[PDB]
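Backbone-built Cβ (ideal geometry, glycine too); neighbour counts: all protein chains shown. The numbers here are math on the coordinates, done by the rules we state, and not lab data.
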Amino acid sequence: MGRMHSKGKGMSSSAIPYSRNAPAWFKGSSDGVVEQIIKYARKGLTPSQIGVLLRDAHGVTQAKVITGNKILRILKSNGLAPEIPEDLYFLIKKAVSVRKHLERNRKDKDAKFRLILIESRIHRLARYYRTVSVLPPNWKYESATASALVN
Amino acid sequence: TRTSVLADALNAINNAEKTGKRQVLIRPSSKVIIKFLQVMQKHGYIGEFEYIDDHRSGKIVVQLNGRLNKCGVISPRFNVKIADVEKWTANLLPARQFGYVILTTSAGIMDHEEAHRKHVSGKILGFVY
Amino acid sequence: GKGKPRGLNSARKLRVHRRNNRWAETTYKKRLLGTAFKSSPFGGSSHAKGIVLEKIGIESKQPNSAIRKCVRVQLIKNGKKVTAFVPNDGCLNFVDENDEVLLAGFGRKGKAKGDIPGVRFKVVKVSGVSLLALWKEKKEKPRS
RNA sequence: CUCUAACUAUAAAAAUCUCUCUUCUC
RNA sequence: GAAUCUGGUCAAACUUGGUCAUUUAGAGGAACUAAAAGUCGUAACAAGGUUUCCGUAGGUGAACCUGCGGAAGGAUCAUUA
RNA sequence: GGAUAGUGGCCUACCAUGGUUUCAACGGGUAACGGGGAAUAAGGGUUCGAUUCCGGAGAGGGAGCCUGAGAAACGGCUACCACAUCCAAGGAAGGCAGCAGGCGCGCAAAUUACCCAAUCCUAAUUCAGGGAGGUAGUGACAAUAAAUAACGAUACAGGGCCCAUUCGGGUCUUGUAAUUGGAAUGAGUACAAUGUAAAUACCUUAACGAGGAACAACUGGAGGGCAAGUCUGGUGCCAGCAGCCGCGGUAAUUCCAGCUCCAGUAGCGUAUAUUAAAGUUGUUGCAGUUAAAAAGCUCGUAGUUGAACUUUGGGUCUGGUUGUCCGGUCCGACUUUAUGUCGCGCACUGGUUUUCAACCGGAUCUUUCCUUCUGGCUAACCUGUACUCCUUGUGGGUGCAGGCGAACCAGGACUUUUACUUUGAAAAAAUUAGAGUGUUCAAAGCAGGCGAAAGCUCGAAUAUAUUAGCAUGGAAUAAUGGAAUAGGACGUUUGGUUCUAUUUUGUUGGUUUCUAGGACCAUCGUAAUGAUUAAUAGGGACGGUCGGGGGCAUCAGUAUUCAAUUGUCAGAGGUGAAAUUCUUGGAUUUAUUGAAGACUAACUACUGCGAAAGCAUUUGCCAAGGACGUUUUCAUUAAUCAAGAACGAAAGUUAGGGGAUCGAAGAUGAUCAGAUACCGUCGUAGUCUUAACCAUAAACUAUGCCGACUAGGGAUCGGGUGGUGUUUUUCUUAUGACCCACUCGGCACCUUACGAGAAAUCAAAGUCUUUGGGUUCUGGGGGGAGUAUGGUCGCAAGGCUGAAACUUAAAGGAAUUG
Ligand SMILES: [Mg+2]
Ligand SMILES: [Mg+2]
Ligand SMILES: [Mg+2]
Ligand SMILES: [Mg+2]
Ligand SMILES: [Mg+2]
Ligand SMILES: [Mg+2]
Ligand SMILES: [Mg+2]
Ligand SMILES: [Mg+2]
Ligand SMILES: [Mg+2]
Ligand SMILES: [Mg+2]
Ligand SMILES: [Mg+2]
Ligand SMILES: [Mg+2]
Ligand SMILES: [Mg+2]
Ligand SMILES: [Mg+2]
Ligand SMILES: [Mg+2]
Ligand SMILES: [Mg+2]
Ligand SMILES: [Mg+2]
Ligand SMILES: [Mg+2]
Ligand SMILES: [Mg+2]
Ligand SMILES: [Mg+2]
Ligand SMILES: [Mg+2]
Ligand SMILES: [Mg+2]
Ligand SMILES: [Mg+2]
Ligand SMILES: [Mg+2]
Ligand SMILES: [Mg+2]
Ligand SMILES: [Mg+2]
Ligand SMILES: [Mg+2]
Ligand SMILES: [Mg+2]
Ligand SMILES: [Mg+2]
Ligand SMILES: [Mg+2]
Ligand SMILES: [Mg+2]
Ligand SMILES: [Mg+2]
Ligand SMILES: [Mg+2]
Ligand SMILES: [Mg+2]
Ligand SMILES: [Mg+2]
Ligand SMILES: [Mg+2]
Ligand SMILES: [Mg+2]
Ligand SMILES: [Mg+2]
Ligand SMILES: [Mg+2]
Ligand SMILES: [Mg+2]
Ligand SMILES: [Mg+2]
Ligand SMILES: [Mg+2]
Ligand SMILES: [Mg+2]
Ligand SMILES: [Mg+2]
Ligand SMILES: [Mg+2]
Ligand SMILES: [Mg+2]
Ligand SMILES: [Mg+2]
Ligand SMILES: [Mg+2]
Ligand SMILES: [Mg+2]
Ligand SMILES: [Mg+2]
Ligand SMILES: [Mg+2]
Ligand SMILES: [Mg+2]
Ligand SMILES: [Mg+2]
Ligand SMILES: [Mg+2]
Ligand SMILES: [Mg+2]
Ligand SMILES: [Mg+2]
């Protein structure tokens with residue numbers, strides 16, 4: 001209930017079921033599930049949408065329960081993991097959108113403050129991904145170069 | 001952010017004792033809480049607790065019998081030389097005839113009297129009486 | 001819990017916080033600034049001699065109606081001029097003008113005592129002899 | 001054991017004040 | 001092998017300005033205290049007789065007045081009358 | 001390279017451009033020599049340390065140097081500067097922060113003394129020398145012990161009394177009296193002798209040495225704090241006392257005295273400084289709603305802190321330490337003795353498997369490793385070779401090849417790294433602590449004790465220093481690192497490579513071998529082949545929403561003020577009451593309209609959104625956001641934050657635009673004693689905007705943020721679940737709107753104390769003397785003062801940072817009665 005960059009105190013979340021093993025009623029194959037994940041990724045989908053699709057249209061409760069590996073881990077084993085992690089990429093997308101809105105109208109100060117917040121979050125996440133060496137140590141977020149990564 | 005989990009456990013114990021209850025639900029349930037409550041059981045200040053597996057750090061349900069009157073952590077786990085044990089006992093315990101400064105030694109988490117018996121001392125965890 | 005940090009590696013900020021807060025006291029600030037040496041009539045000195053310039057009496061406050069018999073003395077050690085108090089009943093006449101007088105503190109930490117305004121120093125000795133010995137006629141002024 | 005109705009509507013002016021304070025122990 | 005003497009070298013110190021620091025006077029100016037039996041008002045404490053106070057700006061013997069935003073430390077915790 | 005005794009930018013030559021810093025560098029201050037230590041003392045600490053010991057530096061300030069092993073020496077020289085001395089005016093000679101002593105300075109500190117006796121030191125060396133040093137002189141710096149009377153016999157008395165005829169003997173004692181006696185003794189003098197280098201002085205001691213034992217004890221105080229007077233006289237808000245409160249104005253328990261008493265006592269009083277008191281520096285251990293004090297809010301580097309999880313169990317054997325039950329040993333009641341006896345329930349020493357119970361270990365079995373080998377050395381018997389000393393008996397052996405290495409060496413080999421903690425070596429003596437010891441006791445000192453007096457002796461103990469370093473045992477707590485591209489771990493694998501070189505073929509030079517020794521490289525197999533959870537922590541995706549969040553652009557509303565047309569006709573504004581002002585050029589009102597600018601009534605609430613300011617007509621576009629739902633995704637990415645940044649009401653400042661209302665200044669008309677104030681009418685700047693500044697508000701919830709828990713009651717907003725629910729109507733249903741129940745989150749609210757507060761009060765201001773979840777900022781009596789100065793920002797206004805001198809005994813908070 002922290003809400004790092006605001007006063008929110010919510011706890012809306014999801015409770016992972018106690019049983020780690022596969023659900024009794026699931027009949028699909030782990031190999032088929034991995035093939036489905038691979039195909040969805042090749043369609044150009046981030047792991048979160050892959051999990052959503054496997055939960056809605058199919059009986060996949062979650063990949064780790066069925067296969068034993070996580071969705072991003074499964075993609076990385078096959079070499080489809082994006083160069084920029086998905087959450088950081090979405091943060092840059094939001095930041096570039098707000099910067100576009102700003103440069104199209106100057107007087108909006110609230111969106112200026114929100115851009116400051118988004119850039120701070122981007123810096124934090126980039127620092128984390130840099131200390132784990134997911135990103136190169138020279139990787140940085142710059143306002144002028146963000147569009148190329150987004151585009 | 002939950003920094004010292006043992007602090008939360010002992011605070012919950014104190015609140016659930018002052019109000020007179022006979023049970024507490026401690027949420028995070030680390031090793032150190034288990035050892036602390038085990039020492040309290042060995043000396044009787046607590047009743048019959050229980051670990052509830054969550055696959056998620058677990059939880060603990062503690063049964064009391066009103067025999068306890070105060071737990072409490074010394075939040076900065078000060079390095080306590082074997083000479084300073086008596087100093088802490090004087091500053092914390094209400095009388096020399098009872099009370100126990102629960103402290104963590106290289107030989108495990110032990111009450112201060114047991115640590116003085118082993119002639120070993122380490123950092124201080126908390127106090128019970 | 002409290003305003004101060006409590007971690008095992010927070011000695012630095014605790015020490016500097018105490019060091020910055022110590023200036024709030026008056027005794028510590030006086031001792032470290034060393035204002036006694038620079039500003040006070042005596043630099044950390046319990047007593048000091050001086051020369052009587054003139055011979056004044058100063059009225060008291062509201063609740064106390066009288067005129068306390070003082071004396072203006074220019075200090076010899078540095079040249080400052082301060083008013084001082086001739087303590088006892090018939091001691092004003094004992095101290096004559098332009099004689100060496102040894103002033104002492106007034107007992108209230110360099111602040112005006114009682115109902116006497118703008119004075120901070122007693123008179124203990126005059127012309128080498130003490131006022132208490134003169135007041136009980138144990139010794140007499142040398143008159144030099 | 002069932003229930004939301006009645007009501008108004010006054011502002012002129014007016015400053016200042018020399019003492020003195022006193023013990024509770026069967 | 002003395003005086004003397006060539007070039008250095010360590011360099012005290014002198015002259016000349018420059019600079020800073022501490023003392024040091026100094027016409028005059030603006031103050032603050034204490035002393036409360038001076039003078040002109042009576043701002044505040046009650047609805048202080050214009051409710052009070054804050055920020056800012058102007059004005060004026062003086063406290064203070066006014067304007068614009070606040071605040072109750074307000075004189076209302078209250079209109080389904 | 002030079003120089004150095006020698007390393008070294010120590011210096012030179014040529015290169016490189018580097019080194020320190022928010023973990024405070026650099027600079028400034030120190031009325032700073034560092035330390036061993038001193039004061040203070042529940043514990044934590046605060047202050048001091050010029051000086052008896054160890055180091056360093058200096059000889060007036062500076063430089064330079066000879067001699068030597070050692071000096072940048074100064075009771076050694078050279079020069080300059082400062083200060084000086086004799087002078088026959090040519091010259092010469094100076095160094096007390098050595099012992100004395102003097103001037104000066106200042107509140108502040110000693111005699112031109114004796115001597116090498118003692119400690120030692122120097123020298124050619126016993127002998128000489130030593131103001132080092134010791135002895136004395138002065139010395140109330142501090143410290144120890146301690147005189148100023150003690151005892152009778154009498155008169156004035158008081159209590160336990162034999163009872164109580166009033167008594168009263170005083171039967172039994174304890175004081176008060178200039179009565180009265182006999183003792184004892186020093187403080188002083190002083191034959192001596194001891195003492196000492198010689199002398200003082202002390203220890204001893206002749207002879208003197210106490211009656212008012214004048215051989216005479218003071219210093220402060222007698223209202224409170226604070227023990228002791230409302231006794232006498234004097235002065236009368238004077239004189240003065242009083243650390244603070246206060247006394248003194250004609251009856252002073254406070255001033256000046258006399259009397260009595262109190263406190264300490266050869267000491268006591270003052271002044272400054274400092275420590276405890278001070279939980280008023282708060283790490284232990286302070287406070288921030290209003291008493292001083294939460295930055296206006298948010299982001300954020302450093303700093304501080306940071307979820308849980310990786311062997312827990314068991315069984316045996318076995319070693320010390322306990323309390324066990326008693327053995328032997330025996331001692332207290334039995335007294336000049338004991339046992340038999342009464343047992344303290346054994347005063348010394350064991351069985352301590354008597355079960356017991358621990359309290360520590362050690363080895364062992366877990367798929368349970370503790371670094372392992374490589375030779376020693378095989379220490380030891382799983383060795384079996386020759387065999388059995390002895391009862392036919394594995395009790396017991398002489399012993400040689402395999403073969404037990406933690407019983408130990410000495411070598412290659414790899415060592416995850418710490419933080420932490422136990423033990424030890426180290427932390428000079430003096431000091432502190434502390435053992436022994438009749439210096440006559442003590443401060444002290446390290447002495448002494450015991451013989452028969454005929455040389456025999458126990459000492460000169462210990463501990464602590466909490467930091468840094470070294471060794472050591474432990475592995476909880478806290479941190480880091482492995483294997484994710486396998487470039488991972490092992491093996492008799494099987495291949496190749498630079499080599500390296502013992503011996504070996506004499507030795508030397510190479511060529512290959514062989515043997516053995518590291519890897520670089522493939523390939524071959526062994527293996528359970530290798531990735532902790534997904535925090536009722538966080539980020540992110542998605543879903544339908546929700547909102548007076550924000551920007552731009554449009555839309556409307558009546559109102560206000562003007563304007564046009566029209567209508568009549570003396571008044572209309574305004575006020576407590578009036579006046580100023582507009583009006584028959586027809587104002588005020590009356591109808592249509594038109595222009596401008598502002599603003600968004602009623603709906604509007606103990607309701608919503610936002611980081612805080614703040615946000616309220618409609619519609620579209622732009623992006624953003626909280627909350628909820630989620631068997632979605634990453635896996636500590638987090639909390640608070642010095643430095644840095646973004647917004648920041650109103651007012652104000654530059655310009656451009658507008659210009660309705662209202663209105664700082666101003667103009668007046670009133671009220672008044674005055675009124676350039678409040679009431680009134682006009683009225684610029686401003687209010688409204690586009691750019692650029694400003695950064696302050698009672699920027700308030702006067703309550704920092706994150707996290708956990710603690711108590712009952714309803715409602716309200718947003719979301720989501722269920723109802724065999726109700727109206728809805730589109731025949732039924734799906735929505736929607738309600739109703740009931742639950743849950744998450746938010747602004748809130750009522751009751752209560754069983755908690756907290758000085759209370760008012762708070763469901764947080766609780767979980768705080770039973771004091772420690774993380775973290776930032778601020779306050780240390782009031783005033784001076786948020787002033788001056790110095791920075792820094794600003795065009796300016798002013799913002800941020802921000803004292804002292806001095807003054808003061810209160811200022812202040814909440815509540816109670818008037
Ligand atoms: Mg020359
Ligand atoms: Mg007047
Ligand atoms: Mg007034
Ligand atoms: Mg008023
Ligand atoms: Mg009025
Ligand atoms: Mg008035
Ligand atoms: Mg020092
Ligand atoms: Mg000095
Ligand atoms: Mg010293
Ligand atoms: Mg000095
Ligand atoms: Mg020395
Ligand atoms: Mg020297
Ligand atoms: Mg000198
Ligand atoms: Mg020599
Ligand atoms: Mg020299
Ligand atoms: Mg000399
Ligand atoms: Mg010398
Ligand atoms: Mg010489
Ligand atoms: Mg001298
Ligand atoms: Mg000497
Ligand atoms: Mg002296
Ligand atoms: Mg003397
Ligand atoms: Mg005497
Ligand atoms: Mg006296
Ligand atoms: Mg007196
Ligand atoms: Mg008296
Ligand atoms: Mg008394
Ligand atoms: Mg009298
Ligand atoms: Mg305080
Ligand atoms: Mg106030
Ligand atoms: Mg305040
Ligand atoms: Mg605040
Ligand atoms: Mg940081
Ligand atoms: Mg942890
Ligand atoms: Mg020592
Ligand atoms: Mg001692
Ligand atoms: Mg080879
Ligand atoms: Mg989670
Ligand atoms: Mg809805
Ligand atoms: Mg107008
Ligand atoms: Mg008309
Ligand atoms: Mg509206
Ligand atoms: Mg609303
Ligand atoms: Mg800041
Ligand atoms: Mg404005
Ligand atoms: Mg303009
Ligand atoms: Mg006016
Ligand atoms: Mg007027
Ligand atoms: Mg007006
Ligand atoms: Mg107007
Ligand atoms: Mg402010
Ligand atoms: Mg504030
Ligand atoms: Mg103050
Ligand atoms: Mg102030
Ligand atoms: Mg300035
Ligand atoms: Mg009050």
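If only one of A:59, A:8, A:32, A:44 is more than 16 Å from the chain's Cα centre (by Cα), part of a loop (DSSP other than H, G, I, E, B) and without any contact (Cβ under 8 Å) to a residue 12 or more places away in the chain, which one is it?
Working: A:59 fails: without any contact (Cβ under 8 Å) to a residue 12 or more places away in the chain; A:32 fails: part of a loop (DSSP other than H, G, I, E, B); A:44 fails: more than 16 Å from the chain's Cα centre (by Cα).
Sole residue among the options that is more than 16 Å from the chain's Cα centre (by Cα), part of a loop (DSSP other than H, G, I, E, B) and without any contact (Cβ under 8 Å) to a residue 12 or more places away in the chain: A:8.
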The listed residue being of a type outside the set (A, V, I, L, M, F, W, C), under 30 Å from residue C:27 (Cα atoms) and part of a strand (DSSP E or B), out of C:108, C:72: C:72
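Of all the residues that make up region C:41-55, how many are in a loop (DSSP other than H, G, I, E, B) and closer than 14 Å to residue C:72 by Cβ?
Pass one, region C:41-55, residues in a loop (DSSP other than H, G, I, E, B): C:41-46, C:55.
Still in the running and closer than 14 Å to residue C:72 by Cβ: C:41, C:55.
Total satisfying the criteria: 2.
Could you identify the single residue in C:111, C:77 that is more than 21 Å from residue C:59 (Cα to Cα) and either more than 16 Å from RNA strand E (Cβ to nearest atom) or more than 14 Å from every other protein chain (Cβ to nearest Cβ) (or both)?
Details: C:111 fails: more than 21 Å from residue C:59 (Cα to Cα).
When all the criteria are applied, what remains is C:77.
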Just wondering, is there one or more residues in region C:22-33 that are free of Cβ contacts under 8 Å to residues at least 60 places away in the same chain and within 16 Å of RNA strand E (Cβ to nearest atom)? yes
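Kindly check whether there is at least one residue in region B:54-74 that is within 14 Å of another protein chain (Cβ to nearest Cβ), within 23 Å of residue B:121 (Cα to Cα) and basic (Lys, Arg). Before the answer, list the steps.
Filtering region B:54-74 down to residues within 14 Å of another protein chain (Cβ to nearest Cβ) leaves B:54-59, B:72-74.
When the remaining residues are screened for being within 23 Å of residue B:121 (Cα to Cα), the result is B:72-74.
Subsequent filtering for residues that are basic (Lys, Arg) retains none.
Within region B:54-74, not a single residue is within 14 Å of another protein chain (Cβ to nearest Cβ), within 23 Å of residue B:121 (Cα to Cα) and basic (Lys, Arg).
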Tally up the residues in region B:45-92 that are over 13 Å from the mean Cα position of the chain (by Cα), closer than 23 Å to residue C:11 by Cβ and of a type in the set (S, T, N, Q), please. 2
Of A:130, A:114, the only residue that is more than 9 Å from RNA strand F (Cβ to nearest atom), of a type in the set (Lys, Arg) and in a helix (DSSP H, G or I) is A:130
Does region C:85-98 include one or more residues that are of a type in the set (S, T, N, Q), over 9 Å from residue C:123 (Cβ atoms), without any contact (Cβ under 8 Å) to a residue 60 or more places away in the chain and within 7 Å of RNA strand F (Cβ to nearest atom)? yes
Does region A:67-89 hold any residues that are assigned to a helix (DSSP H, G or I) and touching a residue at least 40 places away in the same chain (Cβ under 8 Å), and which are they? A:74, A:86, A:88, A:89
Consider residue C:89 carefully, then state whether it is surrounded by 11 or more Cβ atoms within 10 Å (Cβ to Cβ), away from chain B (no Cβ under 14 Å) and on the phi < 0 side of the Ramachandran plot. no
